[PDB]
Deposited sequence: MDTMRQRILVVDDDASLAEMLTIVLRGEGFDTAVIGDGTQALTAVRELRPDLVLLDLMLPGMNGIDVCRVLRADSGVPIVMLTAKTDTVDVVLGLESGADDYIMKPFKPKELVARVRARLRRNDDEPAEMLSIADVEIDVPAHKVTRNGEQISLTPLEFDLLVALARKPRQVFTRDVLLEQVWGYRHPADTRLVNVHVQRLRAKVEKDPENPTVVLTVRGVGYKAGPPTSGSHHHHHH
C-alpha cells in the first residue's frame, strides 16, 4: 500500500547494471543507475533511494569514498559489490558505514535476499520501549536517547542495539548476530566493525563500554541496565 521501494545502483559495468535493473524491477522495486562515484550524492538527494548498491571499484570516486560522502548525509543502507580483482580493502568501506557486502559474480537470488534483509522494517510498528544501561529506546519511533537527548544512529546500528536490548541476559556470538541482524542463512568482521561504530555513538567512553559489552571468547551482550 502501495508504492515501490527504490534502489540506486552505482556501478560502471553497464551490463550488470542492466541485469540488476531487470531483476530488481521484476521483484517489485523501482530502480535507477549511475556509473560514476561523483554522481552519487546528487542522485541520492534527488531520488531518496531506500537502499544503494555500490561498486567498490568505480570511476570518478571509488566506493569507499562514496560511502564516506553518503554517510555524512544519511543512514541509507549501502550494500558494497566487491570482486576478487578489487585493489582496495572492502573493510575500509564497512568501517565508513557500508552495512553489508556481496562478492561478484553473485546469483541474483542471493543479491535480492541481501536487499530484502536491509528493508525488513514495517511502517506503524507496535509500541515498544526498551532500556539498556542508561540508554532508552522507543522502537517504533526510532529514537534512542540518554537523559532525554537523542543519539543519532544508522538503521543498522539501531537494529544491532535493539537486538541486544531486547534480551539483556543473552550473550550473542558473532555468527548468531549475523544471522539475526544481518539476515544470513559468513564474514563475522561485519559484526565487529558495526559494534565498534555503534559503541562510538552510544558509549560515554567507547574504550570502556557500558552499553554494549564484550564477553571475551564468546560474543557481545547488553550492558547492565
Missing residue ranges, deposited sequence indexing starting at 1: 1, 187-188, 229-238
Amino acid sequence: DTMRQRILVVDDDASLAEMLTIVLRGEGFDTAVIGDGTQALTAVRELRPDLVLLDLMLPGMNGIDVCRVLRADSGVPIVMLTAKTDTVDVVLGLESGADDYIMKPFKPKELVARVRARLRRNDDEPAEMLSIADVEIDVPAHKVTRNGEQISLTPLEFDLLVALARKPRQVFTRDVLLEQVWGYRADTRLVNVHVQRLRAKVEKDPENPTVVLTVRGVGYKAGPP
From here on, numbers count along this sequence of modelled residues.
On average, are the C-alpha B-factors higher in 71-79 or in 114-122? 114-122
Residue range whose averaged C-alpha B-factor is higher in the record, 30-38 or 157-165: 30-38
Sorting the chain's CA B-factors, does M103 end up in the lowest, middle or highest third? highest
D50: C-alpha B-factor third of its chain, per the entry, is the lowest
How does the C-alpha B factor of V181 compare with the rest of the chain: lowest, middle or highest third? lowest
Sorting by Cα B-factor within the chain, modelled residues only, which third would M61 end up in: lowest, middle or highest? highest
Sorting the chain's modelled residues by C-alpha B-factor, tell me whether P140 ends up in the lowest, middle or highest third. lowest
